[PDB]
Amino acid sequence: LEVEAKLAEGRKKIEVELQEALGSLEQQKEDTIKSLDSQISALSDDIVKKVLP
Amino acid sequence: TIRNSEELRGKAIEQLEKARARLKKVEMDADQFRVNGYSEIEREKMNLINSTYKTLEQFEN
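Thresholds applied
Residues numbered from 1 in each chain as written, not as in the entry; some residues may be left out. Chains lettered and ligands numbered in written order. Part of a larger assembly, values for the part shown. Heavy atoms only, no water. Helix = DSSP H or I, 4+ residues; strand = E, 2+ residues; numbered from the N terminus. Contact = heavy atoms within 4.5 Å. Axes fitted to C-alpha atoms, helices over the stretch in contact; angles between N-to-C directions. Parallel < 35°, antiparallel > 145°, perpendicular 65-115°, else oblique. Nonpolar A, V, L, I, M, F, W, Y, C, P; charged D, E, K, R; others polar. Buried area = accessible area lost by both parts, 1.4 Å probe. Salt bridge = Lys/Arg side-chain N within 4 Å of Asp/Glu carboxyl O. Polar contact = N/O pair within 3.5 Å; in protein donor to acceptor, adjacent residues only side chain to side chain. Buried < 20%, exposed > 50% of the residue type's maximum accessible area, 1.4 Å probe, protein only.

Peer 1: Got a minute to help me understand the environment of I13 of chain B in this structure?
Peer 2: All names here are of chain B. Residue position: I13 is located in helix 1 (residues 2-15). Sequence-wise, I13 and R3 are 10 residues apart; in three dimensions their C-alpha atoms are separated by 15 Å. Sequence-distant contacts of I13, that is, excluding residues within four places in its chain, are made with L8 and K18.

Rendered as structure tokens:
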């Protein structure tokens, strides 16, 4: 029981850790999407010079 | 008649004493069994927690 209940609580703690990590990653991804805009612009220009002959 | 009662009493006491000696021994086996079981239960509990912590970490992965 006691070990089992402890394990269940540990599983909940792991879920909290995992739930939080995903949220942090999502926030980071949003910032990146906001960030490195020049790549976007220049990145856009990117294909253009090589797409055609 | 005399040789009978004595034998009964001899055999009888050999047997009550023997039975109670066996009780003691068992009292010993059980005593042993209880300790082993307790240790096994603790290890098993340890098993569960450890492995579930592993499962957590894999979930995090």
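Still more ground to cover, so stick around.
Peer 1: Sorry if this is basic, but what is going on with the packing of helix 1 (residues 2-34) of chain A against helix 2 (residues 16-60) of chain B here?
Peer 2: Any two packed helices are characterised by how steeply their axes cross, that is the angle between the axes, and by the distance between the axes. Interhelical geometry of helix 1 of chain A versus helix 2 of chain B gives an angle of 10° and a closest axis separation of 9 Å. By the angle between their directions, the pair helix 1 of chain A and helix 2 of chain B is classed as roughly parallel. On the side of helix 1 of chain A, the interface is formed by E2, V3, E4, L7, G10, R11, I14, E15, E17, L18 and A21 of chain A, while helix 2 of chain B contributes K45, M46, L48, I49, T52, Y53, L56, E57, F59 and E60 of chain B. For the contact of helix 1 of chain A with helix 2 of chain B, the class distribution of residues is 11 nonpolar, 2 polar and 8 charged.

Peer 1: It is not clear to me how the interface of chain B and chain A should be interpreted in this structure. Could you clarify?
Peer 2: A common way to express how large an interface is: the accessible area buried when the components associate. With 10 residues of chain B at the contact, the number on the chain A side is 11 residues. Contact between chain B and chain A buries roughly 940 Å² in total, counting both sides, with carbon and sulfur atoms accounting for 81%. Considering only the side of chain B, the residues that lose the most area to chain A are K45, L56 and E60 of chain B, jointly responsible for 56% of the buried surface there. Inspection of the region where chain B meets chain A yields 1 salt bridge. Linking chain B with chain A are 2 residue pairs in polar contact.

Peer 1: Please clarify how the environment of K45 of chain B should be interpreted in this entry.
Peer 2: Among the structural elements, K45 of chain B can be located in helix 2. Once the C-alpha coordinates of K45 of chain B and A21 of chain B are considered, the two residues, 24 residues apart in sequence, prove to be 36 Å apart. Once you skip the residues sitting within four places of it in the chain, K45 of chain B turns out to touch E2 and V3 of chain A.

Peer 1: Just to check I follow, could you spell out unusual backbone geometry for this structure?
Peer 2: A negative phi holds for most residues other than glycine; trans holds for most peptide bonds. Residues and elements named next belong to chain A. One non-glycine residue, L36, lies in positive phi territory at about 55°. Take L36: it is sitting in the loop between helix 1 and helix 2 (37-51). Residue classification places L36 among the exposed residues on the basis of a relative accessible area of 57%.

Peer 1: Mind showing me how you'd approach the packing of helix 1 of chain B against helix 2 of chain B here?
Peer 2: Residues and elements named next belong to chain B. Between helix 1 and helix 2, the shortest axis-to-axis distance is 2 Å and the interhelical angle comes to 5°. The angle between the axes of helix 1 and helix 2 places the two elements in the roughly parallel class. The residues of helix 2 that touch helix 1, namely those facing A12, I13, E14 and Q15, are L16, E17, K18 and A19. When the residues that make up the contact of helix 1 with helix 2 are grouped by side-chain class, the tally is 4 nonpolar, 1 polar and 3 charged.

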